[PDB]
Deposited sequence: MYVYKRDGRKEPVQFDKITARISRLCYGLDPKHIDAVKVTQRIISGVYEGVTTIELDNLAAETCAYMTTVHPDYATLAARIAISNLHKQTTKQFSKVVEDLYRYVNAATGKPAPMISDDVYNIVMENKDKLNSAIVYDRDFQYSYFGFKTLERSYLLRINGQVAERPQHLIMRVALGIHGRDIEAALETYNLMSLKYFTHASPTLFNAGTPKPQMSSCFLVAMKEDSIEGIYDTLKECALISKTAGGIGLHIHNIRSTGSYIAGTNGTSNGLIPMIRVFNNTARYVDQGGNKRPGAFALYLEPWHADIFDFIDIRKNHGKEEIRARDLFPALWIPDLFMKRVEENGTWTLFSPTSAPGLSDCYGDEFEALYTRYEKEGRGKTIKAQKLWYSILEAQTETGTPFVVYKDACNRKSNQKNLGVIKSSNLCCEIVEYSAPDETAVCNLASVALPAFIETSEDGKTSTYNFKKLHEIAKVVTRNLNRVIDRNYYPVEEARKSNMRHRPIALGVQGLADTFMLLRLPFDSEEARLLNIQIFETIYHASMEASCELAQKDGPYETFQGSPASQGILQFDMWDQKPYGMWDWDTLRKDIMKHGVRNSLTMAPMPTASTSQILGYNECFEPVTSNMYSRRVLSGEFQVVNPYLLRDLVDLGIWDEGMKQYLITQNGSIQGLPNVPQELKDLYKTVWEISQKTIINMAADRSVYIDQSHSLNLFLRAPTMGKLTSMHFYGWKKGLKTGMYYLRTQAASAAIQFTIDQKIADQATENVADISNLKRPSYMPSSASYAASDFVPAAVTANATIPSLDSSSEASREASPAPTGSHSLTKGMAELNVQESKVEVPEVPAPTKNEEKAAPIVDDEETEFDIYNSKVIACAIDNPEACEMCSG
């Protein structure tokens, strides 16, 4: 309330004004108890700041620190700001200037531009980038896609070592394991069987606790599939669980079909059925069927599996669902080979192999920051031209990061330097609709959703083409969909919406290439969108509220008189909902529909809409009343036929 300005001003008093000196102190820092020099600034940036201190110092507007809300700021204080002896040594403006420097280096102009735009809350980078940009070993990447190196104790243990090295930095991990033999499989030069995936998973669970959570990806034909999906079950059978990892399903179309037509589904060990995961679509279904005929696996009723999956999803919120064929059919990285997993949050879709660990850097544009009253006043509209301009900057930022990143494992560096994937997202979609007074489920919200993503995708590809004009295309550009002028929406066999000129862009892409093989992967924004004060990513609100009420809701309630006590009381004891409320104008009830009150068919529709402008995928959480087995089935099947890549992230419940 008045608490934010209390908390912030007190930071100002126990904090040196003058960025150049705070840099000096951070860089000079020394661990008191150990006597060890422990710089929190890189040599590289310290120097830059020193050779420019007056220019840097006077660019900072410390006014801007007061713009975070109490809980927003305390998020920064608790985690993001650099500490000395447990004492905050960084102002929010220092944080930002440092991050800018860590990205742009000697490009002072760009650095100030990034600074200004971030300080004004036009956009922000992901948490790893906020933590580490400008610091000695800047691990700024958020995502790592890891291939299980080989079905052996060496391969497994080499992979575990690699995950430890990754997770120790700020790295989230998606790990696919389709090549690990199942329970009871033969092991040369022994006499006892194999105990399958679960024990091996216990090992990874254990390494995560010791050290970036893990998601594990598995296709549903793997013989250990029934236990795998139940990892997070809290009525655990104990040594058969793994409460700290996440099951994600890598689902082929064939499975969905088998389920649908109430048919059979055969389980295999990778050893008995090689190559399943190194092909997709038709090639897979030809290979699959043959292995079925040849008796290599164990056939079941497909709907038994489907049923179990639903039971785990209902009970635990997992496994996630990501459709393997959508991902490979519609990836600009398909010239690299078959993609075998997504990531921790199911938005990244990139090629990984034993020698190549996929990496991504994330940033999110703040959608509401482009809302403005038109040339008159009776409106407030949306400035797609500014949105376009900022996306071009974020695209350049994210690309700079590729080069200035400290890579934890050589596999990650090899992978990223070759293909240069990038991932832009959004926060404040639900705010944006609310400021324009568009219900989430409305035809204008549907329209605006489409438009926003077309300009972000266009702008990013435009920035990226411009970069390829400067530095050449990424190593593997030749032979990709984009080199032919196939873009994301084309692969969904759709015409773009037309707000921007795609023909010219496509012309230059074919002529000059693009610096980045991918650019768009709407991610969970979480902590960053609490810093900025907006709603998570692209989702609607979960509730409109000695608590904190929705600000736009509040404005409206007050503006109509009906805000008071026997009123306030009503929302609290109604979990942020305003439906079935005695005296609220219908239009507010529709504008402030909470996600439990919005059709999921609508959610999926809009996801599908925007999906045509998404190089990769997006973290589609799904929300259910009291879940029902039939409703989940309808939900998944709707999204699958909608051609979604990520059919589901979490299944949020009740």
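Comparing the deposited sequence with the modelled residues shows gaps at 1 to 75, 287 to 294, 629 to 637, 747 to 888, with numbering starting at 1.
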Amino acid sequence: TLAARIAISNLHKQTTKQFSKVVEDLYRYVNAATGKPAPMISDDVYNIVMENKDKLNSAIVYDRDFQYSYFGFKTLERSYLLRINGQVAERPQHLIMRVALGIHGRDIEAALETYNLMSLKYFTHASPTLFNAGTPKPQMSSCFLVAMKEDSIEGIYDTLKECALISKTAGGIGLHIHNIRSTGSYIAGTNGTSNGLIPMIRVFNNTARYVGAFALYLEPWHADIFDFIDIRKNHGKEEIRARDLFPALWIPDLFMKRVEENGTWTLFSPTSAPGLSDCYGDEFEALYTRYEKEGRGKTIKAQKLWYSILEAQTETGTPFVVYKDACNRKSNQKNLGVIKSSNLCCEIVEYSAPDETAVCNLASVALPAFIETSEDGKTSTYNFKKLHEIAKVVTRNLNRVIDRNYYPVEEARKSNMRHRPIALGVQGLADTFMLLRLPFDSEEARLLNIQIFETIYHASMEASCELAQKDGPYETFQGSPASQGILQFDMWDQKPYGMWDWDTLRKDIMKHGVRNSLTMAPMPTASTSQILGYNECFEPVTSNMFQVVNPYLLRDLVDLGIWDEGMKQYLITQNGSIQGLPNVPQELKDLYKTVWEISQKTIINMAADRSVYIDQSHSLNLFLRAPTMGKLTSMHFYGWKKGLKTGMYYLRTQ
From here on, numbers count along this sequence of modelled residues.
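Basically, rigid core = biggest C-alpha set you can superpose within 1.5 Å across the two forms.
Once the structures in 8 other deposited structures of this protein are superposed via the core, the pair 189 to 197 and 256 to 264 is resolved in favour of 189 to 197 as the more displaced stretch (C-alpha RMS).
Comparing 503 to 511 with 376 to 384 in 8 other deposited structures of this protein, after superposition on the rigid core, the stretch with the greater RMS C-alpha deviation is 376 to 384. Per the PDB record, of the two stretches 72 to 80 and 134 to 142, 72 to 80 carries the greater mean B-factor over its C-alpha atoms. For the pair 290 to 298 and 564 to 572, the mean Cα B-factor is higher in 564 to 572. Within the selection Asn544, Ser269, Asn328, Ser167, the deposited Cα B-factor values reach their highest point at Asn544. Take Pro199, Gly479, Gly192, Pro247 and read off each C-alpha B-factor from the entry; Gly192 has the highest. The entry lists a Cα temperature factor for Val321 that places it in the lowest third of the chain's modelled residues. For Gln93, the recorded CA B-factor ranks within the middle third of the chain. Only modelled residues enter the ranking. Per the PDB record, residue ranking by Cα B-factor puts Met606 in the middle third of the chain. Among the modelled residues of the chain, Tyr27 sits in the middle third by CA temperature factor in this PDB entry. Residue-level temperature factors show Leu644 in the lowest third of its chain, judged at the C-alpha atom.
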